[PDB]
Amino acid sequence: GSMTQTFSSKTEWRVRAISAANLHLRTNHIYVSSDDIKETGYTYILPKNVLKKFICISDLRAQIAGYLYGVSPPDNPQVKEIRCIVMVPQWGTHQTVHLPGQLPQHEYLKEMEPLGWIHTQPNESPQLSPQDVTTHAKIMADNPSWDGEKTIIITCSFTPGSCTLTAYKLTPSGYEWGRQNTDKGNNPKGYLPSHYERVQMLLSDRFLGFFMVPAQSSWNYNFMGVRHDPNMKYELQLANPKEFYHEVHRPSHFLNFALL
């Protein structure tokens, strides 16, 4: 014999939405890991305002990514000031992000140079992901405007009560390994720490960046993943992005509640 009890659902995205509402406290505690023995290549200056907005629109489990666009201070070709973050239609897991194949295209970015991408990560990591090496290399192979000596990966790792940023570039050998890689697991054959190196990065308050977002939709498709396609096309607009759990990212929750 036995007794009798009934199941009341406990959906995970609600705990995540509550948690994401508190992301703003991390923006007052952002750290840049400076442990590179010597800088390799350039110095990247990320404006604080877009970094903090990028933190506030993210999720603690599902990675988001944004493309980096910038220029060099007039007399200093070895500094790259990050001037814009582009959010494109995307979805993610805790280990990787899925972006479309098409890179941002817009008149406002035409006098800027692509500097790579930024993405969030649940946990700090001594090494750059092989997912990230593969993503950067496959982008480089599809798009020759991405020079390996100039484009970077900024990871924003969620460390307790805070955020730690670290910025990497690919190496020739890293590019060549990542473009041919098809094992998407945590330990693909061939992966080496000689595939990437750490570039210097600074957080600045003296200038402001801006955002570009899609024109006909938003950027978050983690609740609509079906509608997301690697071959999908999109235009952009000068505007600031909506937070991860904003209503227009999860319309099915609102319509299916009103059902019953």
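Definition used throughout: the rigid core is the maximal C-alpha set that superposes within 1.5 Å between two forms. All residue numbers are counted from 1 along the displayed sequence.
Asks: Of the stretches 52 to 60 and 27 to 35, which sits farther from where it is here in 7 other deposited structures of this protein, on average over its Cα atoms, after fitting the core?
Replies: Looking at 52 to 60 versus 27 to 35 in 7 other deposited structures of this protein, the farther one turns out to be 27 to 35.
Asks: Averaging only over Cα atoms, indicate whether 50 to 58 or 228 to 236 has the higher B-factor in the PDB entry.
Replies: That would be 228 to 236.
Asks: So which stretch wins on mean C-alpha B-factor, 105 to 113 or 180 to 188?
Replies: That would be 180 to 188.
Asks: Report the option among 64, 199, 208, 212 whose CA atom has the maximum B-factor in the deposited record.
Replies: Highest C-alpha B-factor among the listed residues goes to 199.
Asks: Looking at the C-alpha B-factor of residue 77, is it in the lowest, middle or highest third of its chain?
Replies: Highest third, going by the recorded CA B-factors of the chain.
Asks: Taking the entry's C-alpha B-factors for this chain, is residue 125 in the lowest, middle or highest third?
Replies: As the PDB entry reports it, the C-alpha B-factor of residue 125 lands in the highest third of its chain.
Asks: By its CA B factor, does residue 96 count among the lowest, middle or highest third of the modelled residues in the chain?
Replies: Middle third of the chain for residue 96's C-alpha B-factor.
Asks: Could you tell me which third, lowest, middle or highest, the C-alpha B-factor of residue 10 occupies within its chain?
Replies: It falls in the top third of the chain.
Asks: What third of the chain does residue 155 rank in for C-alpha temperature factor, lowest, middle or highest?
Replies: Answer is lowest: the recorded C-alpha B-factor places it there.
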